[PDB]
Structure formats: C-alpha cells, structure tokens
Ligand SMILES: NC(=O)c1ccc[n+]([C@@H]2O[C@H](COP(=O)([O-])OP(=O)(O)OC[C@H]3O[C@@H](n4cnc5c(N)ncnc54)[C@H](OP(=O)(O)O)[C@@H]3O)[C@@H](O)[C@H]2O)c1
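Coming up is one lone chain in structure tokens, specifically the form solved without the named molecule.
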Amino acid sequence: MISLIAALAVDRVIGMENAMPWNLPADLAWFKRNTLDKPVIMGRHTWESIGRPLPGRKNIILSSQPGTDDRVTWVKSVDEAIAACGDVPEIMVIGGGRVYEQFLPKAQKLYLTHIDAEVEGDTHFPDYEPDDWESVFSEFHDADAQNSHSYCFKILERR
C-alpha cells in the first residue's frame, strides 16, 4: 500500500526555499516511528536536505537525474519506484510536493502533522478531498521546552 507522510503548516505548506522555521523533535520521532523498517520514497530536493540515507529504512530517490549516492537506490519512474521497494505491505512517500502529487491517487492512507506555523510557501501538499478521507487517529500538543509550535498528528485512510 502507498502511504503519504507529511508535516503541513497552515495552508498546506510543506517546503520553502530554506529549512522550515520550526524545531519539532516530536515531529521527527513520529516521522521515525512510522517510517522505520519500511521503504521510504523521496525526491532529490528532500534527499539533499535529509543529509544522509535514513538508517533502517530502504532509501529510494525518485529522479530523472542520477547516480550520486551509493547508499540509496535511484529510480526514474513511480512504476519503477514501486518495484524497487518490492513486495512490501507498505511503502512510505516522504515528499516533497512533486512526489506527493504523483503518489496521491494511489495513496490509501495519510499520516499528517498539522503545525500551527504561518509560512509563505514554495511547495504545498496537494489538495485532498476531506470527504474522501477518514480520520482514524488524532492527537494535539502544545509547544514545549523542545518543540517550537503546537502540532497535531493525524492518520487518514482512504474512504
């Protein structure tokens, strides 16, 4: 199954020119708890920002341009991309926008982090039909000694 996992600011902003202006170690811990021992499919921009292969997950970069790290697989198409990961129960799309638009249609579940942060964006999370999705998990939290904005984690399943 294909799942999408994203941190969204107010208005569905998922990326900037630069790093987002939030420090959410809890958002990372949720990110990891849900991506571990799973194949993660990302684009190049995001790969350039993670800094390295993610530990304990099969890194897959979806891109028309190639062959830079030895430590991740390099796929050129979604179709290929899907296979490169395999016969797995669930594949994780970790963005950015472009990969998001393309995997959506196939998406059966969404893992979202709603961050209360107003940012002028560059990329956005495609527009999903809130009618098409069902919320099966929700959990709100306030900013604290380590998290700079309040956030809410949610899981949607395609209706």
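When you see a residue number, it is the position in the sequence shown, counting from 1.
Beyond the structure shown, there is the form solved in complex with the named molecule, which is absent from this document and is the topic of what follows.
K.L.:
Superimposing the C-alphas around the site, does the named molecule, as posed in the bound PDB entry, end up open here or blocked, where blocked is 3 or more of its atoms within 2.4 Å of backbone or C-beta atoms?
P.N.:
Here the answer is open - the superposed ligand has no atom within 2.4 Å of any backbone or C-beta atom.
K.L.:
Since only the chain is shown here, I'm wondering whether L62 would be in contact with the named molecule in the bound PDB entry (any heavy atom pair within 4.5 Å).
P.N.:
Yes, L62 sits close enough to the named molecule in the bound PDB entry that at least one of its heavy atoms falls within 4.5 Å.
K.L.:
Is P126 a contact residue for the named molecule in the bound PDB entry, using a 4.5 Å heavy atom cut-off?
P.N.:
Result no; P126 lies far from the named molecule in the bound PDB entry.
K.L.:
I'd like to know whether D122 contacts the named molecule in the bound PDB entry, with contact meaning heavy atoms within 4.5 angstroms.
P.N.:
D122: yes, in contact with the named molecule in the bound PDB entry.
K.L.:
Do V78 and the named molecule come within 4.5 Å of each other in the bound PDB entry, heavy atoms counted?
P.N.:
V78: yes, in contact with the named molecule in the bound PDB entry.
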